[PDB]
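Right, one structure below, let's go through it.
Here is the naming used below: chain letters follow the sequence lines, and residue numbers restart at 1 for every chain.
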Amino acid sequence: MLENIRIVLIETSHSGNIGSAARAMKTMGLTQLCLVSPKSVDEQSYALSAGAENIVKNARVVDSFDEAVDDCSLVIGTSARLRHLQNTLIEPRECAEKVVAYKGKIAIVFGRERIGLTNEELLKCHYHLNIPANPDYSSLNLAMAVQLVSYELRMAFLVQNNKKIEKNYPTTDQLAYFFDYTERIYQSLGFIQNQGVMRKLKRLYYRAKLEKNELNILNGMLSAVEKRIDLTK
Amino acid sequence: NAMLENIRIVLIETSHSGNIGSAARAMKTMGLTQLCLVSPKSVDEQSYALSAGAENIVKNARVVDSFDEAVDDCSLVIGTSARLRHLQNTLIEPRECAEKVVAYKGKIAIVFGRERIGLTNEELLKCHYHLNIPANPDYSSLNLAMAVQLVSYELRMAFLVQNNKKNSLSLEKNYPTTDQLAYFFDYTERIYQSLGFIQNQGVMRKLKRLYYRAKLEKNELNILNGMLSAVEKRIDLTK
């Protein structure tokens, strides 16, 4: 379900925004709202929720970011395209596709009304979600950003349910391990000297859509090489 | 630039003057600039306040008394609507809708009907397509600003994907030759037989299948040949 997604708002300054976000969530089928030290949750939150009062009432209220995301193994924060976030920057479409496919708890984290998220809060996210926007005017209202992300989450959920089609292949930990395994070895061999190799390698292996059998063989090859490396220090 | 400027956003009878502001803001975040109001109930400081830096859009908005004037000079007209069964032939959702707008060689009005009322029979008949936003069946009413934000966003995404297309087709005239890939397979074989990994021809067969299915780029082949050389140097250093 959309039930494993927690929507987290950090220090919402305007209490109406919380109602608007509850409404936007409910409109798309989301329910789990989390507020990290909201400035206030009040009659204005309840009024703007307009039928989504249940989402507001059931909101988890916590005093910290870490508390908000304590049992989520995937954490995504909304961000501007800051230079230092370039390797983990993603957009809502790809994000929605990642999320709907994820096994486990996911938190999507929206920052403060003007400021967004601090770098320290950003460091606590695995991916950084950027909404493509007018470069001259690229900050959304907090509830509208939630509305758009909630909307791509439902588009992705529906597309997936249109097939539920079905094919057992390779699981994502098996594959990310294949990467790390590949990275360790070829780094050891003097070959990998930056991220570029591992970027092309994943772009290739996705395209191929490795069968479980194929992952097996590429894995046995790593081991055979490791044996020789390990049998040479 | 923007061919987002050939798109007029029309808001039918807005109520709270703040809603005009919140819609102008949503538009500006996505690069839309043309706003038209039909008989707004009121426009005042709140229309400006809620625009949050999108005042220009509110200042320049048209204000008319009729749907006909509101869509003057637009030959593609899209009205938002509930999933009304009698409109089944012309109902579309925001993704398909944006692809059509973006390929439309003329001016387009997208008309946002009144919250929880929609458009009249006459107004619906005057739309070429009817735009419904997939939503919770149990709670499907977007307020005005939410609806404009989402349609504007799909519009911008349609615009970007179309402009990414116009560039990238020219941008992979480098695929390896048959002999290059073949050389790579014999090289993989030799090396992995040298290791003591290969015992039967099935490994190579499955590998060719994999790599042919992949359709290796020349630079990908380069990397993979580079790994085999990396492994080779190590083998050649042991014995």
Take atom [atom1] of [X] as the centre, draw a 6.0 Å sphere, and report whether it contains more than 12 heavy atoms from other residues, nucleotides or ligands.
X      : atom1 : value
A:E3   : CD    : no
A:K39  : NZ    : no
A:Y127 : OH    : no
A:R199 : CZ    : no

For [X], is it the side chain, the backbone, both or neither that has a heavy atom under 4.5 Å from a heavy atom of chain B?
X      : value
A:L201 : side chain
A:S139 : backbone
A:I131 : side chain

### Task
To the nearest 0.5 Å, tell me how far B:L221 CG sits from B:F184 CZ.
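If I round to the nearest 0.5 Å, the distance is 6.5 Å.
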Contact leader toward chain A among [options], where contacts are heavy-atom pairs under 4.5 Å:
options                        : result
B:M227, B:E93, B:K233          : B:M227
B:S22, B:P134, B:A145          : B:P134
B:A52, B:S140, B:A26           : B:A52
B:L142, B:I191, B:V203         : B:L142
B:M30, B:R95, B:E154           : B:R95
B:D138, B:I235, B:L160, B:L237 : B:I235

### Task
Verify, without hydrogens or angle tests, whether B:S47 (side chain) and B:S17 (backbone) share a donor-acceptor contact under 3.5 angstrom.
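Yes: the side chain of B:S47 pairs with the backbone of B:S17.
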### Task
For the residue pair B:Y211 and A:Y205, categorise the inter-ring angle as parallel (less than 30°), tilted (30 to 60°) or perpendicular (more than 60°).
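It falls in the tilted class, 30° to 60°.
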What part of [X] gets within 4.5 angstrom of chain A, counting heavy atoms only: side chain, backbone, both, or neither?
X      : value
B:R213 : side chain
B:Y192 : side chain
B:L224 : side chain
B:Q149 : both

#### Entry: Donor-acceptor side-chain pairing of A:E113 and A:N17 below 3.5 angstrom
yes
### Message
Is it the case that the side chains of B:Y153 and B:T29 hold a donor-acceptor pair, with the cut-off being a distance below 3.5 Å and no angle test?
### Response
no
### Query
What option among A:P92, A:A52, A:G190, A:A133 has the most heavy-atom pairs under 4.5 Å with chain B?
A:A133
